[PDB]
Structure formats: C-alpha cells, structure tokens
2 protein chains.
Amino acid sequence: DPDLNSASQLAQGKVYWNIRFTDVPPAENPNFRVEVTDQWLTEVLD
Amino acid sequence: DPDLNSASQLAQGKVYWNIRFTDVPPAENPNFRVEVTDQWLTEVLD
C-alpha cells in the first residue's frame with residue numbers, strides 16, 4: 001500500500017500489504033429464462 | 001595597489017603592487033557530521 005507505507009510507518013518497523021480478492025459464491029439460485037420467439041421461423045424456407 | 005597608486009605619487013615615479021596568496025592549510029581537524037535520517041525510507045517501495 002503506498003499511502004500506508006509512509007516514511008514514519010516504515011521507521012517503526014510497520015510495513016503494510018493489501019490482499020484484495022473475490023470469493024467463489026455458491027450458485028444457490030441458477031435462473032433460466034426461456035422465451036418462445038418467432039425470429040428463426042423464416043429459417044424454414046431454404 | 002588601489003589605495004596607494006595616486007596621481008600625486010605617479011609624479012614621484014614609484015608605483016606600488018601587492019602580491020597576496022592564500023597558503024594551503026594542513027587539515028588538522030577533519031570533522032565528519034554523520035547522521036541517520038528517514039528520508040529515503042519511501043525508496044523501498046519498488
């Protein structure tokens with residue numbers, strides 16, 4: 001960390017490291033959105 | 001000599017010169033002023 005590793009914090013033997021990360025959340029609600037469309041209905045012409 | 005070479009003394013026919021020189025002094029007391037600071041502590045970042 002740049003702002004927390006000051007010249008006075010390092011002089012007391014304090015040096016700071018930042019570890020940011022993201023967990024793997026459990027997919028407890030997998031949503032599926034089904035739609036019936038007529039976009040590829042003209043695909044049965046050739 | 002600036003303060004002695006006058007116009008009234010030029011008629012006397014006696015002009016004045018000065019030979020000054022600064023002699024090399026022996027270093028009989030070589031002091032060292034060593035200090036510990038915290039100026040370059042932020043240099044330890046990358």
# chains A, B, ... in the order shown; residues from 1 in each chain; ligands from 1

$ calpha_fit_rmsd --fixed "chain A" --moving "chain B"
1.6 Å

$ closest_atom_pairs --of "chain A" --to "chain B" --cutoff "7 Å" --atoms "only C-alpha atoms" --output "tab-separated table"
residue	atom	partner	partner_atom	distance
A:6	CA	B:42	CA	6.6
A:7	CA	B:41	CA	5.3
A:10	CA	B:41	CA	6.9
A:11	CA	B:38	CA	6.8

$ atom_distance --atom1 "atom CA of residue 2 of chain B" --atom2 "atom CA of residue 15 of chain B"
10.4 Å

$ atom_distance --atom1 "atom CA of residue 22 of chain B" --atom2 "atom CA of residue 3 of chain B"
21.2 Å

$ atom_distance --atom1 "atom CA of residue 20 of chain A" --atom2 "atom CA of residue 4 of chain A"
15.3 Å

$ select_by_dssp --residues "chain B" --states "alpha helix (DSSP H)" --output "PyMOL selection string"
chain B and resi 7-10

$ write_last_selection --atoms "N, CA and C atoms" --output "PDB file, in the first residue's frame"
ATOM      1  N   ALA B   7      47.647  59.928  -8.234  1.00  0.00           N
ATOM      2  CA  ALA B   7      48.189  60.778  -9.287  1.00  0.00           C
ATOM      3  C   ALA B   7      49.295  61.681  -8.761  1.00  0.00           C
ATOM      4  N   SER B   8      49.242  62.034  -7.476  1.00  0.00           N
ATOM      5  CA  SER B   8      50.297  62.829  -6.860  1.00  0.00           C
ATOM      6  C   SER B   8      51.558  62.021  -6.585  1.00  0.00           C
ATOM      7  N   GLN B   9      51.447  60.696  -6.491  1.00  0.00           N
ATOM      8  CA  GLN B   9      52.604  59.831  -6.310  1.00  0.00           C
ATOM      9  C   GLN B   9      53.135  59.264  -7.618  1.00  0.00           C
ATOM     10  N   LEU B  10      52.375  59.382  -8.712  1.00  0.00           N
ATOM     11  CA  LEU B  10      52.884  58.985 -10.020  1.00  0.00           C
ATOM     12  C   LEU B  10      53.996  59.915 -10.486  1.00  0.00           C
TER      13      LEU B  10
END
